[PDB]
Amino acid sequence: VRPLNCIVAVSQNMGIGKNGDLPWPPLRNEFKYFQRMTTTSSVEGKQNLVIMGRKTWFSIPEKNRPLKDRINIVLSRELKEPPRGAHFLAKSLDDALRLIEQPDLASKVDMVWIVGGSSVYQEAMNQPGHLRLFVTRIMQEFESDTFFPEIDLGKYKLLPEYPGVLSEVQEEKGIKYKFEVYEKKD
């Protein structure tokens, strides 16, 4: 609940979005990794938490909202009530992070995951303190509207391994990809 974990999939040209959806066709195996990582808490009786922007929330198929077995927080400056299905609404990343640390939620929340979109990764990456980036490198170029912020290797250490994360190149529908974990301490 203290370290912030961002999870994203990025094309070779650092693309993450096109026209409000993903630049590539659905990678269901990639999705399963996102589901496993964001859902699997380290403690029985606690759930992980996902924070996402308003556009990303509404870009999730309604039949798949909220993201199951995670506490879902949506960021929005204009909505006044949480979207239907969402557990909480926050008007700022700071508000959301302050909320998560409340004692009311201590025996309820384990890991915190930022899950999109562009604008939220940007602001999460502006935070001081402990950040992880779970980055799926999609090993191909795709036409993109939006881009993941630069990953400064002076700031983020590329971990050689991470528990529960396989390092081999994967392939789905002719599209190769691999899982990486970066960490910025303090």
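Don't overthink the numbering: it's just position in the shown sequence, from 1.
Determine, for stretches 31-39 and 144-152, which one has the higher mean CA B-factor as deposited.
According to the PDB entry, the answer is 144-152.
Looking only at CA atoms, which has the higher mean B factor in the entry: 17-25 or 172-180?
Per the deposited B-factors, the answer is 17-25.
Highest CA temperature factor in the entry: which of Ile73, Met111, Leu105, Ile114?
Of the candidates given, the C-alpha B-factor peaks at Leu105.
Reading the B-factor column of the entry, which of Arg54, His130, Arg137, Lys68 has the highest value at its C-alpha atom?
Of the candidates given, the C-alpha B-factor peaks at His130.
Third of chain Cα B-factors occupied by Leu49:
It falls in the bottom third of the chain.
According to the PDB entry, is the CA B factor of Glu78 in the bottom, middle or top third of its chain, that is, lowest, middle or highest?
As the PDB entry reports it, the C-alpha B-factor of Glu78 lands in the middle third of its chain.
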